[PDB]
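Heads up, the chain below is alone and in the form deposited in one PDB entry; it's given as structure tokens.
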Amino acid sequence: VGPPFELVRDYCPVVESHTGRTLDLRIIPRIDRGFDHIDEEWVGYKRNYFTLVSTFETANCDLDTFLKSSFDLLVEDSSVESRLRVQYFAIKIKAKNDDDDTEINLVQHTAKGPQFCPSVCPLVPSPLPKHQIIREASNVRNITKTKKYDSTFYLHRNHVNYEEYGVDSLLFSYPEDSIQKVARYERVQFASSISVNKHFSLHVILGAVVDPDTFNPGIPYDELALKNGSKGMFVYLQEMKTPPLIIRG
């Protein structure tokens, strides 16, 4: 189903703040629409949308554990081993011009009115729904208000007994109550380039959002807007990509 992904790099190690154990992190991507497999190669078309869905899993940790515990980012520059408290995990989407080896812009639509840059999606570990389910959901509005899909795509913090958690539980750090279990980017396309068959590449990045008002370290990270409207950090953790995609007219 769609172009395959491969691991690019594992960046910053994440450790359960209490035990010091590394958290096993695994990005589970999948393009559910947009490319054709033409003789040992994947083909896309500039004037065609594509769907990229993804989730991540924690090999050595179940959901409940993930929500009750705390996690730190091991920041070991040269000598001192500091620690950045993770506020929440999230996935970001990106494209790349494989010929130039530089980054390309991605854009999304809805019908085709307003155009916007894809967003950073907060997530919670989870199995990636099969291609069918994804497609179905692509036609279900207000998934949250649906017994059928809700549980599969979201987690409602406001539905859990707060008494069974701790003041520093990861759960209370997430942006909002409605937390996605699967990032869903549909009607996505490569941004209109300046008047140039190119070779593009799609990437999925897993990051830890840290709020600097709790301690900058020199490590791979993107500037992010915190709900509290201030400078936040999206620190890479893992990254996967697709083989060079052939896009034509």
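So that there is no doubt, residue numbering starts at 1 and follows the sequence shown. In this text, rigid core is short for the largest set of C-alphas that superpose within 1.5 Å between two forms.
**Asked** What size is the break between residue 215 and residue 216 in terms of deposited sequence residues left without coordinates: none, 1 to 3, 4 to 9, or 10 or more?
**Response** The entry has 1 to 3 unmodelled residues between residue 215 and residue 216.
**Prompt:** Counting only residues of the deposited sequence, how many between residue 196 and residue 197 have no atoms in the entry (none, 1 to 3, 4 to 9, 10 or more)?
**Reply:** The entry has 4 to 9 unmodelled residues between residue 196 and residue 197.
**Asked** When the C-alpha temperature factors are averaged for each of 161 to 169 and 77 to 85, which stretch ends up with the higher value in the entry?
**Response** Comparing averages over the C-alpha atoms only gives 77 to 85.
**Message:** Please compare 68 to 76 with 170 to 178 and say which has the higher mean C-alpha temperature factor in the record.
**Reply:** Higher mean C-alpha B-factor in the PDB entry: 68 to 76.
**Request:** Kindly indicate the residue among 110, 152, 97, 119 with the greatest C-alpha B-factor in the PDB record.
**Result:** Spelled out: the listed residue with the top C-alpha B-factor is 110.
**Request:** Using the B-factors in the PDB entry, rank residue 126's C-alpha atom against the chain and give the third, lowest, middle or highest.
**Result:** Ranked within chain, residue 126 CA B lands in the lowest tercile.
**Message:** Test of reading the entry: by CA B factor among the chain's modelled residues, which third contains residue 185?
**Reply:** Bottom third by C-alpha B-factor.
**Request:** Name the third of the chain's ranked CA B-factors that contains residue 156, choosing lowest, middle or highest.
**Result:** Answer is lowest: the recorded C-alpha B-factor places it there.
**Message:** Going by the CA temperature factor in the PDB record, which third of the chain does residue 13 belong to: lowest, middle or highest?
**Reply:** Its C-alpha B-factor belongs to the middle third of this chain's values.
**Prompt:** When the modelled residues of the chain are sorted by Cα temperature factor, does residue 225 land in the lowest, middle or highest third?
**Reply:** For residue 225, the deposited C-alpha B-factor lands in the highest third.
Although not depicted, the form deposited in another entry is the subject of the following passage.
**Prompt:** Which residue, 169, 144, 152, 119, is displaced 2 Å or more at the Cα between the shown form and the other one after superposing the core?
**Reply:** Shifted by 2 Å or more: 144 only.
**Request:** Indicate closer or farther: the Cα atoms of residue 144 and residue 159, in that other deposited form, relative to the displayed form, with a change of 3 Å or more.
**Result:** Between the C-alphas of residue 159 and residue 144, the gap widens in that other deposited form (3 Å or more compared with this form).
**Request:** Would you mind telling me if residue 132 and residue 144 are closer or farther apart in that other deposited form than in the shown form, C-alpha to C-alpha, with a 3 Å or larger change?
**Result:** Note: Cα gap between residue 132 and residue 144 shrinks in that other deposited form.
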